[PDB]
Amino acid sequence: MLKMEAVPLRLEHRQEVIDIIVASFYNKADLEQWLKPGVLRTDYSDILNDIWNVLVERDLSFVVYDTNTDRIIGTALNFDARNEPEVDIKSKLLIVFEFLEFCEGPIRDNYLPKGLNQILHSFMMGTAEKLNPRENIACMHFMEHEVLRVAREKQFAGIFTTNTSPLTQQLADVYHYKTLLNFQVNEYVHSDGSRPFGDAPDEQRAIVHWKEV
């Protein structure tokens, strides 16, 4: 059995968190696959290095240790949705973040509560690369359960994120997240007029989830 514990994000965790995020988003993210070629591993580490200081001092993120091996197997990066640092991304990841604002924007500022310390935005979540299906699912259940803990403890109103993989979308529904948008990713039109995820099947969705604490 996998026994885990949650530990607040520290400055030393920079390389371990990045390697978990890179070994979980690169070539596995359901959105960036349709933007090939032109998505590199450093495109995620560049964004992480840009906000690593802000991410640690906000005191909302954590890593997950395997207490048996005392090593990091997962991490959950979170921000105040009304206090997120804005990055100037220069790769094709800007298209992804503009699309996530397409989904999150109109809902966050017109339906979710106003003011700070209200919306805890689940920014990123990852697990170690060589985890088996049992440990990866167990780690996702642990990170989901612990994100709720951080929300209630920090006196937030709810948790809010956009789920782009079928596993996170099913975990969210199973965890009683309310669905506020089930957008079809191949219908999104970029500013240049094209559809960057246009080659995606109609079954691939971008679901905007929200859950009160």
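Sequential numbering from 1, following the sequence displayed.
Could you settle it for me: does 87-95 or 120-128 have the higher average Cα B factor in the PDB entry? The stretch with the larger average C-alpha B-factor is 87-95.
Quick one: say whether 161-169 or 54-62 has the higher mean Cα B-factor in the deposited entry. Stretch with the greater average CA B-factor: 54-62.
Looking at the temperature factor on the CA atom of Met1, which third of the chain's modelled residues does it land in? Highest third - that is where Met1 ends up once the chain's C-alpha B-factors are sorted.
Entry-reported Cα temperature factor of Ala23, expressed as the chain third it lands in: It belongs to the highest third of the chain when residues are ordered by C-alpha B-factor.
Chain-relative CA temperature factor third for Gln184: Lowest third, going by the recorded CA B-factors of the chain.
Where does the C-alpha B-factor of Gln204 rank in its chain, lowest, middle or highest third? As the PDB entry reports it, the C-alpha B-factor of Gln204 lands in the lowest third of its chain.
Going by the CA temperature factor in the PDB record, which third of the chain does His176 belong to: lowest, middle or highest? Middle third of the chain for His176's C-alpha B-factor.
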